[PDB]
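Only this structure's heavy atoms are used, side chains among them; waters, hydrogens and symmetry mates stay out. Letters A, B, ... are given to chains in the order of the sequence lines, protein chains preceding strands, and every chain is numbered from 1.
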Amino acid sequence: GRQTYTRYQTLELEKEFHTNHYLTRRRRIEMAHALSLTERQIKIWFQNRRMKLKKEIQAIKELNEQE
Amino acid sequence: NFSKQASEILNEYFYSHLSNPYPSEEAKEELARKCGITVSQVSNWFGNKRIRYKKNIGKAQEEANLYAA
DNA sequence: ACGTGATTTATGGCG
DNA sequence: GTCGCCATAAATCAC
């Protein structure tokens with residue numbers, strides 16, 4: 001079953017996403033060891049986060065056309 | 001919470017497409033305009049509906065009777 | 001407490 | 001062979 005991430009893990013991932021929307025193989029290794037998440041989890045988190053960004057911009061675009 | 005008419009439209013569509021309750025992007029776009037809601041709101045509704053409807057069979061059967069169109 | 005709509009982890013297909 | 005995008009499942013959040 002799905003494990004919910006800690007307040008600390010989420011915060012740290014969110015901080016790296018702002019700096020970089022895409023991760024390198026090296027940066028993914030660093031964060032996996034620091035946050036105690038597999039490289040797979042870090043990979044999927046960034047993928048889902050990119051999808052979240054596309055969604056949020058679309059919502060704002062919808063509202064900007066409604067005016 | 002959505003309007004009684006938006007929920008009505010959504011359930012009528014779901015119960016009449018039970019063999020394939022996966023509306024295409026065009027069907028989601030048409031449902032949203034009809035309900036006065038967003039595509040992502042239609043997307044979330046179908047997702048939640050597909051997993052939840054089958055948790056109480058007796059209730060699903062009563063809605064099929066009621067939402068029959 | 002639980003129902004509802006939304007959001008957060010996780011998968012498999014495919015380019 | 002790997003990774004990103006996509007739609008979706010399943011769990012969980014928030015009121």
Side-chain angles (χ1 to χ4, degrees):
Chain A
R2 72 169 281 252
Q3 76 167 100
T4 50
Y5 296 173
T6 61
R7 179 219 92 261
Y8 177 78
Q9 280 164 326
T10 300
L11 203 92
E12 290 301 284
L13 287 169
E14 218 56 105
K15 205 187 169 183
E16 197 60 41
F17 183 79
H18 177 70
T19 307
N20 291 295
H21 292 172
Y22 293 89
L23 280 191
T24 64
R25 185 72 157 81
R26 197 45 55 194
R27 201 75 179 92
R28 207 175 74 213
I29 293 157
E30 285 188 337
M31 291 192 90
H33 288 159
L35 303 177
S36 339
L37 293 171
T38 65
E39 285 182 49
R40 177 151 289 278
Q41 287 172 297
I42 307 288
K43 212 215 218 167
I44 297 152
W45 193 93
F46 270 76
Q47 251 167 222
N48 289 332
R49 192 58 191 93
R50 268 175 239 128
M51 225 62 60
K52 181 170 175 189
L53 184 60
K54 248 153 176 165
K55 252 174 252 187
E56 280 176 338
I57 287 169
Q58 183 60 30
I60 301 156
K61 215 166 286 169
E62 253 126 49
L63 153 138
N64 185 251
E65 292 187 4
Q66 250 147 263
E67 299 167 354
Chain B
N1 275 60
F2 306 126
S3 73
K4 192 182 135 195
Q5 27 282 314
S7 275
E8 186 61 52
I9 287 159
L10 293 160
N11 284 301
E12 275 190 39
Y13 181 101
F14 184 87
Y15 293 108
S16 68
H17 295 76
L18 226 54
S19 51
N20 187 44
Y22 299 88
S24 69
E25 188 44 52
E26 26 282 285
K28 289 182 175 173
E29 287 172 0
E30 178 186 306
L31 279 166
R33 290 184 297 248
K34 253 185 173 273
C35 295
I37 63 174
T38 61
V39 181
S40 47
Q41 275 167 315
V42 162
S43 264
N44 288 347
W45 193 93
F46 276 88
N48 282 329
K49 192 76 189 199
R50 285 191 300 264
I51 196 154
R52 286 161 180 178
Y53 101 102
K54 55 197 204 193
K55 292 176 173 178
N56 192 330
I57 300 289
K59 182 183 184 121
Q61 287 174 312
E62 186 47 63
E63 303 200 329
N65 172 62
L66 195 91
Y67 295 121

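Comparing atom distances between the B:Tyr22 side chain and each of C:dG5, D:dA9, C:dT11 picks out D:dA9 as nearest. The listed nucleotides are D:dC3, C:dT9, C:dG5; the one nearest the side chain of B:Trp45 is C:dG5.
Taking the six-membered ring where the residue is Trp, B:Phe46 and B:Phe14 present tilted rings, their angle falling between 30° and 60°.
An OP1 or OP2 oxygen of C:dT7 is reached within less than 4.0 angstrom by no side-chain nitrogen or oxygen of A:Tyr5. Between B:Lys59 and the phosphate of C:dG3, there is no side-chain N or O to OP1/OP2 separation shorter than 4.0 Å. Using a 4.0 Å cut-off, some side-chain N or O of A:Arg25 falls inside it from OP1 or OP2 of D:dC3. The shortest distance between the side-chain N/O atoms of B:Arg50 and the OP1/OP2 oxygens of D:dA9 is below 4.0 Å. Contact check, A:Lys43 against D:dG4: no side-chain N or O comes under 4.0 Å of OP1 or OP2. For B:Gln41 and C:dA6, the shortest distance from a side-chain N or O to OP1 or OP2 is below 4.0 Å. Between A:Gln47 and D:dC5 there is no side-chain polar atom (N or O) within less than 4.0 angstrom of OP1 or OP2. Considering only side-chain N and O atoms, B:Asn44 lies under 4.0 angstrom from the phosphate OP1 or OP2 of C:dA6. Neither OP1 nor OP2 of D:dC6 sits under 4.0 Å from any side-chain N or O of A:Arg50.
Where A:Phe46 and B:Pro23 each meet DNA chain D at their nearest nucleotide, the meeting point lying more 5' is that of A:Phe46. The residue among A:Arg28 and A:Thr4 whose nearest nucleotide of DNA chain D lies closer to the 5′ end is A:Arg28. Place B:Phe2 and A:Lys55 on DNA chain C by their nearest nucleotides, and B:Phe2 ends up nearer the 5' end.
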- Task: Could you walk me through whether A:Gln66 and A:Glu62 pass side-chain hydrogen bond (donor to acceptor under 3.5 Å, both in side chains), step by step?
- Result: CA-CA 6 Å; A:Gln66 250 147 263; A:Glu62 253 126 49; over 6 Å; no
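D:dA9 atom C1' lies 9 Å from atom NZ of B:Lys54, rounded to whole Å. Atom-to-atom, CG of A:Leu23 to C1' of D:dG4 comes out at 13 Å; the value is rounded to the nearest Å. Put simply, CE on A:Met51 is 5 Å from P on D:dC6, counting in whole angstrom units. Atom-to-atom, NZ of B:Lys55 to P of C:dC2 comes out at 13 Å; the value is rounded to the nearest Å. The CG atom of B:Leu10 sits 13 Å away from the P atom of C:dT4 (whole-angstrom rounding). One atom, CD1 of A:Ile42, and another, P of D:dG4, lie 13 Å apart when rounded to the nearest Å. Rounded to whole Å, the distance from NZ on A:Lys54 to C1' on C:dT8 is 19 Å. Atom CG in B:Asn56 sits about 14 Å away from atom P in C:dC2, given to the nearest Å.
Nucleic acid contact class of A:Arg49 (heavy atoms, under 4.0 Å, all strands): none. At the heavy-atom level, B:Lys28 lies under 4.0 Å from the strands shown only through sugar-phosphate atoms. At the heavy-atom level, B:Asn1 lies under 4.0 Å from the strands shown only through sugar-phosphate atoms. Note on A:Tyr22: only backbone sugar-phosphate atoms sit closer than 4.0 angstrom, heavy atoms only; bases stay farther off.
Although no hydrogens or angles enter the test, the distance criterion places no donor-acceptor pair under 3.5 Å between the side chain of A:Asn64 and the main chain of A:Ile60.
For A:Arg40, the CZ atom sits in a loose shell: 12 or fewer heavy atoms of surrounding residues, nucleotides or ligands are nearer than 6.0 Å.
Between the side chains of B:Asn65 and B:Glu62, at least one donor N or O lies within less than 3.5 Å of an accepting N or O.
Note on B:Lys49 versus B:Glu63: salt bridge recorded, some NZ/NE/NH1/NH2 to OD/OE distance being below 4.0 Å. Ion pairing between a basic and an acidic side chain is recognised when a charged N comes within 4.0 Å of a carboxylate O; A:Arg27 and A:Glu30 show such pairing.
Between the side chain of B:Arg52 and the base of D:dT12, at least one donor-acceptor pair of N or O atoms lies under 3.5 Å.
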